[PDB]
Structures are given as structure tokens and as C-alpha cells.
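Report on the structure
This is what each chain is made of:
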Amino acid sequence: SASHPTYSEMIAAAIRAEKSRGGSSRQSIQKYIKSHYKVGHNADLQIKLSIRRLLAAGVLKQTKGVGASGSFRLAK
Amino acid sequence: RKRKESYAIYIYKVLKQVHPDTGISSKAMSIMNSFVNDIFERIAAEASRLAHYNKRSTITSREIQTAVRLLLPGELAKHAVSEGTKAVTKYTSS
Amino acid sequence: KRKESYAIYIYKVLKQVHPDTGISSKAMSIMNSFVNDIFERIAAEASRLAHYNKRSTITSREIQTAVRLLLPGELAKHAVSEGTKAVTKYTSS
Amino acid sequence: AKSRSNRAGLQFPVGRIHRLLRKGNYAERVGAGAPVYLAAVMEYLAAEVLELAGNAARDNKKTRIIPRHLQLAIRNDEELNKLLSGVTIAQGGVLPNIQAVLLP
Amino acid sequence: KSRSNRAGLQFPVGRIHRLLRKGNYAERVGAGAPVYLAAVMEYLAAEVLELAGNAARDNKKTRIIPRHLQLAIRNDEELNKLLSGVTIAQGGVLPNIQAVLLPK
Amino acid sequence: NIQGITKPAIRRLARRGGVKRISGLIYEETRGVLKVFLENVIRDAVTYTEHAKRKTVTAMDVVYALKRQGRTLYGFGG
Amino acid sequence: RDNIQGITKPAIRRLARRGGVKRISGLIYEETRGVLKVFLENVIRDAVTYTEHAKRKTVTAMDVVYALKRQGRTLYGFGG
Amino acid sequence: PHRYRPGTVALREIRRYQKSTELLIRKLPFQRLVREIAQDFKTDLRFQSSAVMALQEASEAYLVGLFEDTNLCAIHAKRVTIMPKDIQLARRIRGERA
Amino acid sequence: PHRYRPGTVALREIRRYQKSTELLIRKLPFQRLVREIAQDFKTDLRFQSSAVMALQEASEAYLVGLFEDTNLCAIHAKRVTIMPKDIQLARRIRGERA
DNA sequence: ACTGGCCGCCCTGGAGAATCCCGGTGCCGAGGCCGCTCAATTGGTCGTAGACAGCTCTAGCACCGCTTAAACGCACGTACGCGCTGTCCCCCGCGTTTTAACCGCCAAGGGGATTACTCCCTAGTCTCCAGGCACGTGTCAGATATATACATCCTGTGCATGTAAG
DNA sequence: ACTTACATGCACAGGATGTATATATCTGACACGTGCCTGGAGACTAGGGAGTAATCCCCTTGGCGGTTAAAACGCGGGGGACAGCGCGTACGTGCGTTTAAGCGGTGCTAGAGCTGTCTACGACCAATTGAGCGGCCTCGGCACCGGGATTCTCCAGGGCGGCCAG
């Protein structure tokens, strides 16, 4: 029950903190979030779920792959 | 008329020494009968070649034991040699 | 001290199929082991064949049947031809 | 008079085995100890299978040994399984074995 | 006149006949048995010596070596089956590299 | 008639082998492997039958055949 | 007592190469020493059994050949 | 309705047939198969009843064991479904390809 | 410096040894292995030189063949690296499991 | 917007390093000769088991009628199998360094292949019973059916973190 | 702030099903009776294979020494093994339908099994010698070692095309 902002804010924070062509993958973001925040045991599921919903909104844009297994970037 | 000899009666005798209150089905006795004949042919065949190989014309206890050592795995062989030696010794004492 | 072998016979056969080709002793050994092997293989089965049918004579029939059992496909067909041939020619001289 | 079987303390026929060797095309001569030693070894393996088969029969609340028991006895015995690795027992069935990864 | 010549064979009819008598196979040996057997032995010997000779020549050699025998046999479907459980000393193996291991 | 050895018969054998899931292509392959197996054994069996100059294949012929191929069978004699 | 390690990794690799093997896990090498050991134990055992039968103290080549054959691994080029 | 799950009945069958020892192939269809294959060796062959049984006993025993090996091959490839490629590998190591 | 690529030299080795027939195990070390193992059956055993050689041939032939079968098991599992699991599967179907 | 930079991709020559191939040359094993044994061959004696004709009858195909049980066809829904992707480190390739296998060498003695002398085991034969077979009759371990107590599988309900809607 | 929804785990209700349980009954396979035939003794002979001590001497073990091929250790970075996610879908479960397996009785005989013939083929001892084995020279195919020449792998250095980053 530790403090932590939403997953949308964390992922966006993790992607933008990482200067990179292919934005970021799911694995990259997960290890960033784990060390830069107090996150629970279900980080991975919530990260997985958040990318799923941000892609469909068009908040997150896709780079390589298709779906939660890939590399992605933020839209402008 | 027809006469077919067998190991049936001897296999049954052995069964009673090991499990006096247990019986055996016909098909099982056939299997047991095939197994004894099998082992007989196997061991004797190897002993036969052993005699040939070493240019001897007699199959003695020595060849049979060596044939046993070659064909039976691990502990099986050891006890088989023990039993073999036991029987031959007692038979020689008479 | 004298040990016999198929050494001399294998060479005569080699000279019939390829007259300008020789064979190393190690290769000859392998050939000698092979013929001796095949001999033992065929005879054991013929022995068993004679036994299964309660006969005490090894005839050309047991040898032939043994070949059909031990040798694969076309090899047997040509083997049986030669065996037949051999017996015929032998029995006519 | 004493039966040669009894002299060697055997249930298996030293007499029958001795003859089978002579008429079996194995050698010109058969030593006096040869049939006794072989018969002894044959009886042991028979007894070995029976003790295990007996148990197998007992383990299913049955007093009569059937092929299935002979199977269970051999395949559950390390030394017998190797000795009979190329033999097939009719109506023997197969030993119960389900691989872990298929279990729920 | 040699018995080999009467059957038109290279292999020793006489030796095979003797080996049969002193080999513990049967009480008696038929007259045609050694002849039939020697012919079959000779044929198989010829068959391999034929394939081997071709094999040595293909490697630009005139003398047969174990390697040529191994190549000759394993490339001949029928001989391979016949000698599926034999190992030829200093024969090596046939060149066979699995497709997925190759680069592209 | 080789189509006679059917799926439900094949699938029981697989179950006894401990198999849990079976590809549809397995069934024809099994019919083929079995034919081959039978061809080899029946071939040797008949070869024994002809040596004895018989027109009827006996059980021993089948037993001797199986033994020759290292697949000895108990419970039929031999 | 530690001579089983004499069948070295390089030696094990070449054999695998002849077997057509391209990549080898490090755990292969010890397991390979073990299989070979078992193999030798089985063969030598039968070989010596032949030696004792002939009432000899020395194992001859034929003993090994017969031993291998007994185990369904016939070998050509040493006799028989 | 009651419908379980795929594999549940499957596993039940495995446990079942491994416990029993009856022949799993239909007698008569198989007996016809034997004679047909036999046609290619000798015309008008006769069969002892026991000869056909010995063949069926040996045939099922061969296939059952083969499926055991096929299973290990499938599992080795991280699968639970035996496939044609599984049978081929098992038989190849065993020998007698095709 | 010249360094090729992983696997390239390996294929070159593979082809090389499949072309030759010489023994791949050190002669002397193998011989010592034999006598140590022989100790556990009979003490003060003597060996013929030709006997030890016959053993090395068989031994290397056995292993070489095992690696071919092993390799097929690896590839089956969609790998190109043989692993202990691969050897165990090969030998299991092969018999002599223990 | 637009630019600018970095980062991809495909191919495209030459430098680096193996492999095949040509060449001359040292050489050890193959091929042939030819001495001397002992195994093969011709010649006839027996003695039997295999060829062969005749028989009885166990057993195989073969047809028919019959229920049901096993196969089979069909259709849903799931979870298993293949593909793609991304990361970590295990395996590779390489150069130095250190081990010791390998070779060529001479030297001592276990024990292996072979010898005669001869003892002691084994095959061969006639001769009586009895052990082991085929042949039967009766108890009973096993198979079955219905009742039912126990064990297994599977949904459906509640519930910490989350994420939206108000 | 509270309520709703996924998506996960997990407890546990649940009847519904499949397992195994007990007791009553029936069916027929097996273990044990009887006469009856054949091998297993029992006793003894003679021939010779196998045990014996003792003979060469072949071949294993043993030691040494220098050369150096080969095993060992370390060291980077890449190509692989492996985990995860999304998707298509073949495989399973299940019920309703269809086919032929399985079971029974019975006729009719091809063929396996057995007996009894006696002709012919194979062990048997003996005698003669030439086929085939154990040394003994050479010499040429082949192993050994030199210099070109062909093939292959690769990593830079471009030029084409993708899209933040600004």
C-alpha cells in the first residue's frame, strides 16, 4: 500500500527518461519502474495492462512488434 | 498318440517353496515355461561357444558359471553363482 | 604355430572384381572378420532350423532358408541364385 | 537309491537338463557338475520371479498368479527388467507411468 | 580335382565343410550345404570388395583401406542394413551435416 | 481394409503409452508403421512355414520370427 | 583416482564434431565422461570374464572383441 | 450441463488402459490385415488361431512402447501433443527408418 | 586482428574430422582409464596393446554415434546446442538408461 | 511545419586466412616367392535317418443368424502450438602459457603358446521301476451385480490493487 | 467518496460424476485323484580328452630423454537459450447416428500329424600329397613435406531509406 503515482504516469516517465530510438520495450520499462519507485508484486501485470490501454487510446505509439510484446514510443 | 514333456511340475514345486498359499494360471505357467527354456537355451548356447572358443570339447561347471557371469546382470549373477556352487558341492558329496 | 584364415581366398576374389586393386592388412583383417562372422551367423540359424523341425542333418535347404531370414531384400535374392548355381555345377562334375 | 535332483538339493530335474545338453549339439562331452550347476541357476531365477510375482499377486488381494503379475514383478525389478529387456509378456500389459508434465 | 573348382568357387568348400562338422551345429552335414554356404560367403565378399574398389578409385587410390570399406557399405542401402550393428575399425563416418546448422 | 485399424483403436494404445494429446496426422502414420512391422514379422514367419513344407503358419513360426528380430514373446510356448 | 578427467574437454569436443555437433553445453563434458565410464565398465567386465575362463592373467584382443560382440557391438579389424 | 475440461477424460483413459491388459485393437479387422499382408508371400496361406493372436499381442506391444518413446520426444520439444515428427525421431534413434 | 564468427570454425572442424579416421582421444590417458576400471574386477591384470586399441576404437565409435543421435534430439527441440537433457533422451530410447 | 542527425538496412569491393592441388622425395608395408607341414581328397566299408507313401482326424476356413457395442459423424469451445520479440550470459575463438603425451630407446621377466606323459573323467550299454505324463473328477478363487461410502473435478462467489465514471 | 469492472488468486461451497467399497451369488478354471508308458538310474567298461609339471621366449612392463603437439587458462562480445505475449486453431469432449465386430452353432475338408516302410546319403577309418601357411627378400604406392594457386569469410565504407529530435 506504498505511495506511487498512476502507471500511466510511471510508464510515460520511464519512457521519456530513457533517450532511445525505439522508445522502450516492456522489459526496459519494468526494470526502470522497479528501481525508481515503490511498486508492488503485480507491477508487471499493471504495466502490461496499462500499455494495452494506452495503445488503444493512441497515447502510446508502437514501434517494433505487436501488442505488449514489443518496443514502443510516446505520441506527439 | 502325443506326448509333450515340460517344466510345469517343477515350476509349481518351486512356487510352493516360495509362496505355499499362492497358485498360478495356465497362461502364467506357459510364460514361466517359456522363460525357463529360454534361459536354458541362452546359457547353454553361450557355454557351447565358450567351449569352442577355448578349443575344449567338454562343457563343464566352469563354462556354465562363466556363461552365467556373461549373461546375467549385476546382483542376479552373483546369487546365481552362489546357488550354482552350492548345488554342485552337495551333489559331489554323495 | 599355424593359424588358418580366409586371407588367401579374399584376395583371389578381389582380383576377380578389380585386378589392379590391392588391400591393406588392416582392411584385409576387417574382410576376414566379416566372412568369419557371416559364416557363424548363417550356420547358427541353420543349426536352429534343423533343430526346430527335429532333423539331424544340415542340408542346402537349411542354408537357403537361413539366408532368406538373415539377408535383407535383394541381397537374399542374389544370394539364393548363387547358392543354387553353385550346388548345380558341383553336382554335375 | 537317491534321485540326482535330491542329491543336489534341487527341485529342477538334473536328469532332464543333463540329457538336453547331450542331445543339444553343444559339445562332445558334458561334465558331471554342468547339469547340476545349470539346473541350480534355473531354479533360482524361477524362484526370484515367483517371489516378486507372488508379492504382486498379494498386492492386489489375489492368491493366483496371472500374466499381469509376472509383468509387474519383472518391470518393477531393476535386475529382472534388464535381464528381460527384449522379452514381451503376452497379456502382461504395461506398468503405470504418467509423466509429471501431463499431470494437472 | 579340388572341390572348390567343381562348384566354380574361390572360397574353400573343403574348409567350410570341416568347420561345419567340428562346429556343433548338427549330427550330420549334407553334401550341398558347404557348397551353398561358400557361394553365399563368396558373393557377399565379392559384393563388398566390388563397392570398396570403386570407392578407393574415387579417392584416386588403387589400394583398399578401412575407410573405403566404411564408405562402400554405408552408401549401399542393402549392405548398410546387413551391417547395421557392426563397427569398422579406422573406418570413420560419412560426412553428414544437419541442414539447420549451416549458415545463410 | 488397412483403414480398418481405426482412430479409437489407435487412441487407446496411445493412452496406454501414456499419451495425452494426439495430432490428427498420427493415425495414418501409425497404420504405416504397423504395416511395416507386420510385413517384416510375417515375412520371417512364412519363411519358417515354407522350410517345414507346410501351408499353415503355426504359432511357433510367429514366435521364432519374433525371436529372430529380438522381440521374444512369452505365453504361446517357444 | 582422478584419471577419468584425462578424457579432456578438447577430446570430447572433437568426437562431438565428428558426430556433427556444432554447439556444446559445458555440462555435456562431465556427463560424457560418465557415459563412457559406464560403457567401459560393462565391456571390460565381460572381457575379463573371458580372460578368467581361459585361465589367463592377461586380457587378449580377442577377449575384447568377444566382449563387444556379447553386448551387441560387433567390431571388425582385430580378429574373429 | 457438465462438461469437464480437455485432457481430463484423456488422463482418465491413460490411467485406465495402463491398468488393464486386454488387446486394444479389434480382433477380426486385424485378422484380415494379417492375411492381406501374408498374400504377398504365399498364395492360399492358412493360419492357426494362436498365430494370429501372437501377431496381435506382439503388434500392440510394439506400438504401445513406441508411443511411450514418441511421448518423450514430444515432451522434449516442450509439447504435450504427439506429432508425426515425434514418431520419426523416436524410430530413427531406434533404427529401421520408415 | 582476425576473429571470424562463432560457429564458423566449428563447422570447419566438423567437416575436418568427418573426413578423417584417426582416433580423437589421447592414447596414453585412455589406457590408464582402462586399467583403473579393470582393477575393480581383477587385481594385477595385464593387457595386450592390441586389446587397449580395440577398446578405444569401440569407445570412440560409441560416443561419436551417441553425439549424432544426441544432436538430432537437440535440433528436434529447436536448438543447435547439445545439452545433458539431449544425451539423456537419446540414451533412454537407446536402452542402458541407468 | 521543416531541418538535421543518428540508425538503421543491402552489397561491394579486397585484406586475411584456410582448403584444394601440384610437386618432388623418403620409405615401410604390400605383393610375390618358396620353403615345408598337416589338412583335404579319393576310395570304399558300414549304419541310420531322411525321403516317401500311406493313414486318421484335429483344425482350419466358411457360412448364417443374431444383439449390442464399438465406430463414426458432427459441432462446440478451449488451450495448446507456432511466431515474433527482447534480454542476459553462456559458448566461442583467440592468444599465452604450462602439461605431458609422444616418440625412440634400451632392459628385465611375467606368463603366453606349446610339450609330452598319463591319470581320471566321460561316453557307451544293457536292465529294472517310477517319476512324469495324459487322463479323469470336485472344490473354489475369481467374476458379477446391486447398494453405497468415498474421492475427484469444476464453477461460482468473495476480494486486495488498479482504473474509469460522477 | 463510493460503485463498477477487469484480472488475478484462492477458498469452498456445490451437486454431478466416477471411484472404490461391501456382501450375495454364480460359474468353471485349477489342483489333485487314478493307471500306464517311457526315460532316468544303476553298474560297469574302455578310449582319450584334459590335468600335470616343465620347456622356450614372445611380448608386457618398466625406465629414460628431448621435441613439441596438445591441454589449460584467461579474456571479450555475439550468437544463442529462454521467457513472454498475441494470435489462429486443431484437438477434445459429448451426443446422436451408423456400421460391423463379436458370439452362437455347424457343415466339410485341406492339411498337419503319425506310422512304417527301405533306398540312399553321410560318418567312419585309412592313405597320399599338394593346397595353403610361416619366413625372406625387393620396390612402388603411398606417406611425407616443399611451394604456388584456388576458394571462402569478413568488415570496413559506401549509399539508400527509415524517423525522433528540434
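For this structure, the PDB entry title reads "Crystal structure of chromatosome at 3.5 angstrom resolution".

1. Some details on the protein's contact with DNA strand J
In the vicinity of DNA strand J, 94 residues are found, and the nearest of them are A:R21, D:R16, D:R22, F:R12 and I:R46. A share of 96% of the atoms of DNA strand J within 4 Å of the protein falls on sugar and phosphate groups. Here G:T58 contributes a side-chain N or O atom positioned 2.8 Å from a phosphate oxygen of DNA strand J. I:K27 is positioned such that a nitrogen or oxygen atom in its backbone is 3.2 Å from a phosphate oxygen of DNA strand J. Ranked by the residues each element gives to the surface near DNA strand J, the list is headed by helix 1 (residues 8-19) of chain I, at five residues. The residue inventory of the surface near DNA strand J, partitioned by class, reads 20 nonpolar, 31 polar and 43 charged.

2. Regarding the pattern of salt bridges
By the definition in use, this model includes 28 salt bridges over all chains. One salt bridge in this structure joins I:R94 and I:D69, with 3.5 Å as the shortest N-O distance. Taken together, the residues I:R94 in helix 4 (residues 84-94) and I:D69 in helix 3 (residues 49-76) connect sequence positions 25 residues apart. Residue classification places I:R94 among the partly exposed positions, given a relative accessible area of 34%. Taking relative accessible area as the criterion, I:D69 reaches 5% and is therefore assigned buried. Several salt bridges share partner residues, and in doing so they unite B:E46, B:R49 and G:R70 into one network.

3. Considerations on the interface of chain D and chain B
Taken together, the 53 residues of chain D in the interface contact 54 residues of chain B. In total, about 5,100 Å² of surface goes out of reach between chain D and chain B, with carbon and sulfur atoms giving 72% of it. Looking at the side of chain D facing chain B, the largest losses of area belong to D:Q11, D:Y26 and D:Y37, adding up to 15% of the total buried there. At the junction of chain D with chain B, the criterion picks out two salt bridges. Across the pair D:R16 and B:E5 runs a salt bridge, and its minimum N-O distance is 3.1 Å. Residue assignment for the side of chain D that touches chain B shows that the elements contributing at least two residues are helix 1 (4-7), helix 2 (14-22), strand 1 (29-30), helix 3 (33-58), strand 2 (64-65), helix 4 (67-75) and helix 5 (78-83) of chain D. Examining the composition of the side of chain D that touches chain B, we find that 20 residues originate from one element, helix 3 of chain D, more than from any other. For the side of chain D that touches chain B, the residue count by class is 33 nonpolar, eight polar and 12 charged. Relative to strand 1 of chain D, strand 2 (residues 58-59) of chain B runs parallel, the two sharing two bridges. Each residue of the ladder has a partner; that of B:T58, found in strand 1 of chain D, is D:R29.

4. Let's talk about the arrangement of the chains
Taking C-alpha atoms as the reference, chain A and chain C come no closer than 55 Å and do not contact one another. These two, chain B and chain H, are apart from each other, with no contact and a minimum C-alpha gap of 13 Å.

5. Thoughts on the nonpolar core
Counting 170 residues, the largest nonpolar core has C:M31, C:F34, C:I42, E:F11, E:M41, E:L44 and H:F67 as its most contacted members. Non-local contacts of E:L44, meaning those with residues more than four positions away in its chain, are made with C:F34, C:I38, C:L71, C:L75 and E:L82. Counting residues in each nonpolar core, the second largest holds 71 residues, with B:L15, B:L76, D:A40 and D:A47 among its members.

6. Examining the relation of the copies chain I and chain H
Here the two chain copies are tied together by a rotation about an axis and a shift along that axis. When chain I is fitted to chain H, the residual RMSD is 0.4 Å, and the transformation amounts to a turn of 179 degrees plus an axial shift of 0.1 Å. In symmetry terms, the pair is related by a two-fold rotation axis. Nearest to the rotation axis, the C-alpha of I:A77 is located 2.1 Å from it, this being the minimum over chain I. Taken as a fraction of all interface residues of chain I, those also at the interface in chain H reach 100%, which identifies the copy contact as same-surface.

7. Focus: the protein's contact with DNA strand K
Residues in close proximity to DNA strand K total 94 residues, the closest being A:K61, C:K3, E:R15, E:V29 and F:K55. At a separation of 2.7 Å, a base oxygen of DNA strand K approaches a polar side-chain atom of A:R21. Split by residue class, the surface near DNA strand K holds 23 nonpolar, 23 polar and 48 charged.

Definitions and limits used
The residue numbering used throughout counts from 1 along each chain in the order its sequence is written. It may not match the entry numbering, and residues with no coordinates are not shown. The naming scheme follows written order: chains are lettered A onward, ligands numbered 1 onward. Side-chain measures here rest on the full set of heavy atoms in the structure, leaving out hydrogens and waters. Here a residue is near a molecule or strand as soon as one of its heavy atoms is found within 4 Å of it. Any N or O atom pair separated by 3.5 Å or less is treated as a polar contact, with the protein-specific requirement of one donor-capable and one acceptor-capable atom, and with residues adjacent in sequence counted only for side-chain atom pairs. Only runs of H or I of at least four residues qualify as helices and only runs of E of at least two qualify as strands under DSSP, and these elements are numbered from the N terminus. Three classes are used, and their members are as follows: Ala, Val, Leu, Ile, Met, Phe, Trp, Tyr, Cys and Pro are nonpolar, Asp, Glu, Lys and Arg are charged, and the others, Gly among them, are polar. By definition, a salt bridge exists where a carboxyl oxygen of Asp or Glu is found within 4 Å of a side-chain nitrogen of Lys or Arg. Exposure is judged per residue with a 1.4 Å probe applied to protein chains only, and the accessible area is read against the type maximum: over 50% gives exposed, under 20% gives buried, and values in between give partly exposed. The contact definition used throughout considers only heavy atoms, calling two residues in contact when any of these lie within 4.5 Å. Buried area: the accessible surface (1.4 Å probe) lost by two parts on joining, summed over both. When DSSP finds two or more bridges between two strands, those strands count as paired. Throughout, nonpolar core names a set of buried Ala, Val, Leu, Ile, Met, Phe, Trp, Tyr and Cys residues whose side chains join them through atoms within 4.5 Å. Only the C-alpha atoms enter the least-squares fit used to superpose the copies.

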